[PDB]
Structure formats: structure tokens, C-alpha cells
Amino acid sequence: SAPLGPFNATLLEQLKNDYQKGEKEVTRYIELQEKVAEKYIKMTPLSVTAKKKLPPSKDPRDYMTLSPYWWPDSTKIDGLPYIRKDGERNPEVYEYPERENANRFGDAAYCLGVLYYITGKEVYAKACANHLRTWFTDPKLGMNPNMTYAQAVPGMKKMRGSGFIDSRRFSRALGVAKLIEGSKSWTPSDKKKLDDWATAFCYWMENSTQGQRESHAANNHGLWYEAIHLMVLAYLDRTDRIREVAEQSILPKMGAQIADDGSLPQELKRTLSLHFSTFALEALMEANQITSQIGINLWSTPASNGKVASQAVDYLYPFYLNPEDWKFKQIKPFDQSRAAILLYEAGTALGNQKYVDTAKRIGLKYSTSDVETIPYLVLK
């Protein structure tokens, strides 16, 4: 049975099972995945330190991005302080290399780690370990275990926890490292450094002012904080903390953030309201992949006021069928294919055959190289 981590363990166990049986269809699917994964074996490992403009700590190992919806104010001689245009990404975000590099690393590590679990081939673990060492634990290239300067905003006087949501890009890679333990390439010394990094990152998460603030957020930030938290705790094998987090934080947050009619009012007020309602559900989906590995179903387990996350799925389902019917401010097109993994996950967790049907009818492209769709041959 799969090690505890940020994936649909049932679908991974089934793919590894079929690949080992020599089942034709899965075998061909995995051979395609191996072809996609060759670029990650050849890819040079990325580091948070590959930036010219340093953060106020003057430390190139400190992760730093720009908060995406903040823009220079043209009415100020220096553009300072920035102003907020909700839903409009300031392309200045791409001058911070971490932003896209954390996606490239996360994609590389996740794909290689999953392919190692499924095939057993050492070449995937060796490449995966190379990316992990460099991003996380290397004494010069490794990222400091904090998110102090994530989504900083030029001109802002107070510190914010909002940047912590960036962590989900590399925290999935943190969790997949559990899959390459036991390989020849991931030594006991490697595992200890990663362990120690995750322990220091978990501390910063729970005890820094920014972490505490992010833990109490009223919208999808607070849900994403707990999903990221679960990935860190699951890597650290702290399964009783996962139970406490789900019952003392995730379920209360779900209970407050879902209205009686199943809508998410904190997301309804955004300019990307259909996208942020989905982003909230995406946070629960990824949390649930971990909690359900220790018997906690977050789609059907009620909060203390009896609300269940499936109520939020129900409210959105008609608009996953027709995003044009969405009646709230959505200033950019909504990507309907996001409903596939979402409805499949919610649908199986709930025994809702309509959701699963709709997920397969929406579907994923068989030959897509989007790494988060690797477990989902069932949608292809």
C-alpha cells in the first residue's frame, strides 16, 4: 500500500498493481509517461538562489515573489505604494524566478517520484533525488525553510501571511519524496536533511506571525494553508497531527466558509469568483487525498454545524456543466477541465455516480504532459 502522501493513493496503487501485472492498457499509458519524463531526467535542477534582485534579508536562499494582483501606482513618482486590482496578474511577477521555477521543480520532482513508485526504475529516483537535494537541502543552493518574503508588495508597511499559498508548488514535491525512500539514490543522510528541513519549515508554518495569520484566514488561503500543512505533516509521518488538523482546523473552516445554500461567499466577492470557488474546493480535494489515507473523508464529514463540503460541490456542479451560466463576477474565462479531477475526486469519495460520469465526460487528454494528471488514466 502506498506511502502517505499528496496523491490519490488508490489510483496510484492500482496503476502500480496493473503495471506489475503487465496489463496492456496501463503498461502503454505508463510508457507514454516515461517518454514525458525524459525531459525531467535531462533538466538541470533549479534553485531558489538563481535570482539577481535579493530580498530585504540579502539572502538569495530566501524565497521571494510579488503578490500577483498588486501594481505600480502611476500617480506616484516612484509607483509606491502598489495598488490592488483583484484578478489582474501584474506581469512583474515573472521577474521573480522562484515563481515559475517552483512550478518547474515541483512538476519535475512529482512526475519522477510517481514514476519511481510505479515502475521501480532507479533512474527516476536518481533524477528525483537530484531535484530534491538542490531545491530543499543543499547548503548553498537550498531554499531557507520559511516564506517570509513570499508575495511581498513594494511599499507595504505591514507583513502578511498571504504569500504562504505559494508553498503548495514545492510542498507536493516534499511529499512525493516519501515515494523514493528505499531507493539506492536517496541515502539515509538525504532523508535526514529533508526531514530536518521539513521539521524547520513546519515550525515556521505554525509559529511565525505570518504562518499564524495565514492559519486563521477566512477564505481559500486558510484552506490552502491546511492542505500545505497536511503535506508537510504527512511527509513527517505525523498522522495524529493530521487528525487534529482536519478536526480542529479544516472542518471548522469548511463549516464557516460554506453558506447554507452551499456557496462560498468569501470567493463570491472576488473578480474571479468562479475560479476562486473552485480554488477553495481544490484545496479541500488535496487535503482529502491525505486525510482519506488515514480514514477521514473530508467531502462527507460534517463540521460542528452539520455543513459538509459536498454542499459546495452541489452548488458549483451546474456551472461546471455550463460555466457561461455563472452569475457572479468572473473577469476571465474559467477553465472547465479543472472540474474533471475535482468531480472525480469528490464523486468517488461520495458515491455520486453523476459527478464521476461528468468528470469522465469532461475528461483529460490521454497524451497530456500535465503532471498532476498522471494518476488519472481513469479520466483518459
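Residues carry their position along the shown sequence, with the first being 1.
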item: Comparing 290 to 298 with 153 to 161, the one whose average Cα B-factor in the PDB entry is higher; value: 153 to 161
item: 72 to 80 versus 138 to 146 - which carries the larger mean C-alpha B factor in the record; value: 72 to 80
item: Cα B factor band for residue 106 (lowest, middle or highest third within the chain); value: lowest
item: B-factor third for the C-alpha atom of residue 48 within its chain; value: lowest
item: Entry-reported Cα temperature factor of residue 312, expressed as the chain third it lands in; value: lowest
item: Within-chain third of residue 207 by Cα B-factor, per the entry; value: lowest
item: Third of the chain's Cα B-factor distribution that residue 239 belongs to, per the entry; value: highest
